[PDB]
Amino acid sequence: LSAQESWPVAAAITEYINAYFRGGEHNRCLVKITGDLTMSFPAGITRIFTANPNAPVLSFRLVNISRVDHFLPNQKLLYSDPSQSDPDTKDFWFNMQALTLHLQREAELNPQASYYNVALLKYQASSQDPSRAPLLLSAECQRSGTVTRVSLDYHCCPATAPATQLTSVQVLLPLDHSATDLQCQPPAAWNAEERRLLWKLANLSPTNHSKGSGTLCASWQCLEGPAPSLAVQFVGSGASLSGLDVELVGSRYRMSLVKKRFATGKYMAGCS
């Protein structure tokens, strides 16, 4: 009976974002998003595939891909149409013989697993438009004598951000152990291993102004390089930053789930 029922697969879209806000007059920014598409298969689908080399063709589509600059499909397992010019959509077909062998090896390698993951695609998106960055940063710096002051405004914006919260939000300002007369609003911790100031921020949401925007600052004295840079860290789930999405083509398979997650890489605000 297993032969005739529609078979489930699952997809995962993972994206990392690097950003730099220069500061100064125009506070120009650069954004780079790097993404990965993985597909998962239930362990029992091997026995179906090994037993039937004629198994029907698993086919899928990428959608809302206008924002993606470059694709690297897995050429071991996938086919495509180079004659497909559609800018917002692209189709891929599995090689079912290679896919079968690939899962057989995965099973042979890990007989205990209940599912097996397969890497379909790598991709990249770059922009100088801050509208691609979910969290807008503006840092400023001033120095009078031995006193340095640093401030950061952050803005989580509905025009920029996907619809979801940014969580595990941290702001990192590196500061040497020779600094004295520390003032921070709001309060921050100083991590001695990494030598940096740490702010932990509440989750941020584009939905509400008070929930989404804020400011913070610190000052110190140094008896004695370039202006300091602040690093921001956060995480999200339920949306992609690029806008890319995946859907199956045909009814023979069905998508059990699509997991979407993103995280900051190096995500920075500099000040002049």
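Counting begins at 1, following the sequence as shown.
- Gap check for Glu224 to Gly225: 1 to 3 deposited residues are absent from the model.
- The deposited model assigns a higher average Cα B-factor to 81-89 than to the other stretch when 81-89 and 187-195 are compared.
- Higher mean CA temperature factor, per the PDB entry, when comparing 14-22 with 244-252: 244-252.
- Take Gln124, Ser144, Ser127, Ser151 and read off each C-alpha B-factor from the entry; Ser144 has the highest.
- Which of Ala43, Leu230, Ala55, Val68 has the largest Cα B-factor in the deposited entry comes down to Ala55.
- Among the modelled residues of the chain, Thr38 sits in the lowest third by CA temperature factor in this PDB entry.
- Residue-level temperature factors show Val235 in the lowest third of its chain, judged at the C-alpha atom.
- Sorting the modelled residues of the chain by their CA temperature factor places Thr207 in the highest third.
- Ranked against the other modelled residues of its chain, the C-alpha B-factor of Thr167 as given in the entry falls in the lowest third.
- When the modelled residues of the chain are ordered by C-alpha B-factor, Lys32 sits in the lowest third.
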